[PDB]
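Q: part one of the complex, untouched from its place in the assembly:
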Amino acid sequence: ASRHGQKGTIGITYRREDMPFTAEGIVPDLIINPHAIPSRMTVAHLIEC
């Protein structure tokens, strides 16, 4: 969970070579779904990021 009440669990895991990746190669640690944003109305999470 975050510091904003976004509790959740791990669905599955991936290695880097099929994790998505950005131009500098910063491969992310973890990906959460966008739909947890609007209905939870958790703006400060985004601001913190």
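A: Yep, that arrived. Numbering: from 1, shown residues only, chains lettered A, B, ... in the order given.
Q: could I get the phi/psi values of residue A:34?
A: Taking degrees, to the nearest 10, you get phi -60, psi -20 for the backbone angles of residue A:34.
Q: nope, residue A:37 is what I meant
A: When read as degrees, to the nearest 10, the backbone of residue A:37 gives phi -80, psi -60.
Q: I'd like to know how far it sits from residue A:29.
A: Distance from residue A:37 to residue A:29, counting by C-beta to C-beta, to the nearest Å: 19 Å. The C-beta positions use only the backbone N, C-alpha and C, and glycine is treated the same way.
Q: please enumerate the helices of chain A.
A: A:43-48 (DSSP state H).
Q: so if I had to pick from residue A:37 and residue A:29, which one is more boxed in?
A: When residue A:37 and residue A:29 are compared for neighbours, residue A:37 comes out ahead with 14 against 6, by other C-beta atoms under 10 Å.
Q: please slot chain B in as well:
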Amino acid sequence: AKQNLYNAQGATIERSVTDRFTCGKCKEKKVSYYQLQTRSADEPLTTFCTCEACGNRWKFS
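A: Placing chain B onto the earlier chains gives this:
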């Protein structure tokens, strides 16, 4: 007598509207709403609906 007749007839709350949705039965845009949340905290408000072209009620999630 005029003041008494005014004081006889009572509450007339009037249901402020918008024009975005259409009626579930009449299908016209005179729609009025409200907000509050009913169930537990994990979900948002209820988005109550109230038509005024015919008086219909429905709801959106």
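Q: residue A:19 and residue A:12, how far apart?
A: Residue A:19 is 12 Å from residue A:12, by C-beta to C-beta.
Q: the more surrounded of those two?
A: The neighbour comparison of residue A:19 against residue A:12 (other C-beta atoms under 10 Å in any protein chain shown) goes to residue A:19, with 13 against 4.
Q: isn't the more buried one right up against residue A:28?
A: Yes. Using C-beta atoms under 8 Å, residue A:19 is in contact with residue A:28, at 6.7 Å.
Q: look up phi and psi at the most centrally placed residue in chain B.
A: Ranked by distance to the mean C-alpha position of chain B (C-alpha atoms, centre = their mean), the top residue is residue B:50 at 3.8 Å. Backbone torsions for residue B:50, taken as degrees, to the nearest 10, come to phi -150, psi 110.
Q: go ahead and add chain C:
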Amino acid sequence: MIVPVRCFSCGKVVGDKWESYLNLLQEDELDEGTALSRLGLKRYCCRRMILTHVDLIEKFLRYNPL
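A: Putting chain C together with the chains above:
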């Protein structure tokens, strides 16, 4: 705890750089952002670790076991 070896995101070895990053802030009086830059960590996934790692190991170490 020690610094981690090998940044979780990227994989570059970190841990050689720790005491260096310390003495860049002890006598050289240097600003720390430039300190990491002159330490040579230009991606930021690597950079977060040295910037945020806390060193509890010596606070453990000030006991007297055996």
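Q: on that earlier part again, isn't the residue nearest to the centre of chain B up against residue B:16?
A: No. Judged on C-beta under 8 Å, residue B:50 makes no contact with residue B:16 at a distance of 10.1 Å.
Q: which residues are common contacts for these two?
A: residue B:32 (C-beta atoms under 8 Å, 6 or more residues apart in numbering or on different chains).
Q: that older thread, show me what the residue nearest to the centre of chain B is bridged to.
A: Counting by DSSP bridges, residue B:50 forms beta bridges with residue B:32.
Q: quick one: residues contacting it.
A: B:15, B:31, B:32, B:33, B:34, B:56, B:57.
Q: all strands of chain A, in order?
A: Counting by DSSP state E, one finds no strands in chain A.
Q: between the contacts of residue B:50, which sits nearest chain A?
A: Using C-beta to the nearest C-beta, residue B:33 comes nearest to chain A of the contacts of residue B:50, at 17.6 Å.
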